[PDB]
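> Questions regarding the structure given below will be posed in turn.
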Amino acid sequence: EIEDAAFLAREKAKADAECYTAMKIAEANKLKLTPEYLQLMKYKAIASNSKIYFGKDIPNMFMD
Amino acid sequence: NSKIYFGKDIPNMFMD
Amino acid sequence: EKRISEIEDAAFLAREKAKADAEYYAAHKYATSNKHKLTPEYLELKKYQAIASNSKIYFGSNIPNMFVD
Amino acid sequence: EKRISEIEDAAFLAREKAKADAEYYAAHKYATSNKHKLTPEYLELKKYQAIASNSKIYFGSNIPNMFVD
């Protein structure tokens with residue numbers, strides 16, 4: 001019975017701490033997530049992935 | 001989940 | 001032993017009631033927090049990450065019509 | 001132990017506030033730094049690097065449609 005009360009407060013603390021860091025991330029992303037940054041992340045999310053190519057000339061690889 | 005892709009260009013991967 | 005089991009059950013409900021109440025609060029807070037964090041741009045970024053994670057790519061104009069693995 | 005856990009919660013709650021504020025400032029500085037860095041030419045260079053990072057290239061005017069991996 002004591003330990004339940006001890007544990008309930010801890011979970012309330014974690015939620016409140018987690019909630020605050022989520023509003024702050026929301027505010028930051030308002031300016032951080034612009035079209036250019038989204039494009040940069042789009043092209044950075046594929047750097048590690050293995051790729052294959054089939055085309056006429058190499059420049060067509062980038063000239064999407 | 002493991003994935004494979006086929007398409008004309010990279011940007012078409014994220015289009016739906 | 002039957003009496004001891006009765007006491008165990010009496011103590012079991014409180015423990016499970018505490019977890020339910022604690023879980024509800026966390027989900028409730030986790031809900032009102034998403035009302036701001038899940039903007040279209042954030043969802044788009046998460047979409048990029050999820051789609052591109054652990055993915056192979058075969059891009060090019062003249063993709064062959066064959067495959068084996 | 002319950003009292004100690006209360007103290008631990010009071011300490012942890014403030015620590016996460018500091019981390020949130022520290023990351024908030026960094027993102028704001030990053031955000032305003034991109035308004036100059038992220039130009040068409042820089043994005044084109046990043047495009048080149050990312051597309052060509054790990055790609056195997058088959059090219060030429062006689063690509064064989066038949067294939068096996």
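Ordering of the structure tokens sets the chain letters (A, B, ...); residue numbers start at 1 within each chain; ligands are numbered from 1 in the order shown.
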At most 10 Å is the cut-off: for each residue in chain B with any atom that close to an atom of chain A, write down the nearest atom pair and the distance in Å rounded to one decimal, counting only C-alpha atoms, chain first then increasing number, as a tab-separated table.

```
residue	atom	partner	partner_atom	distance
B:4	CA	A:50	CA	9.8
B:5	CA	A:51	CA	9.2
B:6	CA	A:52	CA	9.6
B:8	CA	A:64	CA	8.0
B:9	CA	A:64	CA	5.8
B:10	CA	A:64	CA	7.7
B:11	CA	A:64	CA	8.0
B:12	CA	A:64	CA	9.6
B:14	CA	A:42	CA	8.5
```
> Mind dumping the selected residues with N, CA and C atoms as an mmCIF file, in the first residue's frame?

```
data_model
loop_
_atom_site.group_PDB
_atom_site.id
_atom_site.type_symbol
_atom_site.label_atom_id
_atom_site.label_comp_id
_atom_site.auth_asym_id
_atom_site.auth_seq_id
_atom_site.Cartn_x
_atom_site.Cartn_y
_atom_site.Cartn_z
ATOM 1 N N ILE B 4 12.317 -2.897 -49.746
ATOM 2 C CA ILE B 4 13.021 -2.702 -51.005
ATOM 3 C C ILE B 4 12.212 -1.707 -51.822
ATOM 4 N N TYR B 5 12.887 -0.992 -52.714
ATOM 5 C CA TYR B 5 12.257 0.067 -53.486
ATOM 6 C C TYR B 5 12.621 -0.057 -54.957
ATOM 7 N N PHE B 6 11.675 0.327 -55.811
ATOM 8 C CA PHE B 6 11.903 0.452 -57.243
ATOM 9 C C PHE B 6 11.173 1.697 -57.720
ATOM 10 N N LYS B 8 11.649 5.562 -60.494
ATOM 11 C CA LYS B 8 12.453 6.362 -61.409
ATOM 12 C C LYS B 8 13.473 7.217 -60.671
ATOM 13 N N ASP B 9 13.143 7.688 -59.470
ATOM 14 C CA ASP B 9 14.019 8.601 -58.752
ATOM 15 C C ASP B 9 13.781 8.466 -57.256
ATOM 16 N N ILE B 10 14.725 9.003 -56.482
ATOM 17 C CA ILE B 10 14.624 8.927 -55.024
ATOM 18 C C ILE B 10 13.392 9.653 -54.500
ATOM 19 N N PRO B 11 13.104 10.893 -54.899
ATOM 20 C CA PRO B 11 11.992 11.618 -54.266
ATOM 21 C C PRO B 11 10.669 10.881 -54.329
ATOM 22 N N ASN B 12 10.463 10.035 -55.338
ATOM 23 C CA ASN B 12 9.221 9.283 -55.438
ATOM 24 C C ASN B 12 9.068 8.251 -54.331
ATOM 25 N N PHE B 14 9.078 8.756 -51.063
ATOM 26 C CA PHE B 14 8.255 9.291 -49.990
ATOM 27 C C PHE B 14 6.900 9.795 -50.466
#
```
> After a least-squares fit of chain D on chain C across every C-alpha pair in order, what's the RMSD, to one decimal?
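The C-alpha RMSD comes to 0.4 Å.
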> What residues in chain A get the DSSP label strand (DSSP E)? Please answer as a short mmCIF file (atom, residue, chain, number, x, y, z; two decimals) with N, CA and C atoms, in the first residue's frame.

```cif
data_model
loop_
_atom_site.label_atom_id
_atom_site.label_comp_id
_atom_site.auth_asym_id
_atom_site.auth_seq_id
_atom_site.Cartn_x
_atom_site.Cartn_y
_atom_site.Cartn_z
N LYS A 51 21.98 1.38 -52.67
CA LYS A 51 21.30 1.84 -53.87
C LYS A 51 21.88 1.13 -55.09
N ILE A 52 21.06 1.08 -56.14
CA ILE A 52 21.49 0.61 -57.45
C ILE A 52 20.98 1.62 -58.47
N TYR A 53 21.64 1.67 -59.62
CA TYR A 53 21.28 2.63 -60.65
C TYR A 53 21.25 1.96 -62.01
N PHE A 54 20.33 2.44 -62.85
CA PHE A 54 20.25 2.03 -64.25
C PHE A 54 19.82 3.24 -65.06
N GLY A 55 20.67 3.72 -65.95
CA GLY A 55 20.33 4.90 -66.73
C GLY A 55 21.25 5.05 -67.92
#
```
> Just asking: which residues within chain C are helix (DSSP H, G or I) according to DSSP, as a VMD selection string?
chain C and resid 2 to 37 40 to 52
> Find the residues of chain C that sit at most 8 Å from chain A; for each, write down the nearest two atoms and how far apart they are in Å, to one decimal. Count only C-alpha atoms. Sort by chain, then by number going up, and give it as a Markdown table.

```
| residue | atom | partner | partner_atom | distance |
| --- | --- | --- | --- | --- |
| C:11 | CA | A:1 | CA | 7.2 |
| C:14 | CA | A:1 | CA | 7.0 |
| C:15 | CA | A:4 | CA | 5.9 |
| C:18 | CA | A:4 | CA | 6.0 |
| C:19 | CA | A:8 | CA | 7.4 |
| C:21 | CA | A:8 | CA | 7.8 |
| C:22 | CA | A:8 | CA | 5.7 |
| C:23 | CA | A:11 | CA | 7.8 |
| C:25 | CA | A:12 | CA | 6.9 |
| C:26 | CA | A:15 | CA | 5.0 |
| C:29 | CA | A:19 | CA | 6.3 |
| C:30 | CA | A:19 | CA | 6.5 |
| C:33 | CA | A:19 | CA | 5.9 |
| C:34 | CA | A:22 | CA | 7.7 |
| C:36 | CA | A:26 | CA | 5.6 |
| C:37 | CA | A:26 | CA | 4.4 |
| C:38 | CA | A:26 | CA | 7.8 |
| C:41 | CA | A:33 | CA | 6.3 |
| C:42 | CA | A:33 | CA | 7.3 |
| C:45 | CA | A:38 | CA | 6.8 |
| C:48 | CA | A:42 | CA | 6.1 |
| C:49 | CA | A:45 | CA | 6.2 |
| C:52 | CA | A:46 | CA | 6.0 |
| C:53 | CA | A:45 | CA | 7.7 |
| C:54 | CA | A:49 | CA | 7.0 |
| C:55 | CA | A:49 | CA | 6.0 |
| C:56 | CA | A:50 | CA | 5.3 |
| C:57 | CA | A:51 | CA | 4.6 |
| C:58 | CA | A:52 | CA | 4.8 |
| C:59 | CA | A:53 | CA | 5.4 |
| C:60 | CA | A:54 | CA | 4.5 |
| C:61 | CA | A:55 | CA | 5.2 |
| C:62 | CA | A:54 | CA | 5.3 |
| C:63 | CA | A:54 | CA | 5.8 |
```
> Can you work out which residues from chain D touch chain C at a cut-off of 8 Å (counting only C-alpha atoms) and hand them back as a PDB file with C-alpha atoms, in the first residue's frame?

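Saved as out.pdb:
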```
ATOM      1  CA  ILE D  63      21.597  -1.891 -70.562  1.00  0.00           C
ATOM      2  CA  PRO D  64      20.407  -5.539 -70.637  1.00  0.00           C
ATOM      3  CA  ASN D  65      16.828  -5.718 -69.386  1.00  0.00           C
ATOM      4  CA  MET D  66      17.341  -9.310 -68.279  1.00  0.00           C
ATOM      5  CA  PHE D  67      19.168  -9.450 -64.958  1.00  0.00           C
ATOM      6  CA  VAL D  68      19.903 -11.616 -61.930  1.00  0.00           C
ATOM      7  CA  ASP D  69      20.964 -10.578 -58.436  1.00  0.00           C
TER       8      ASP D  69
END
```
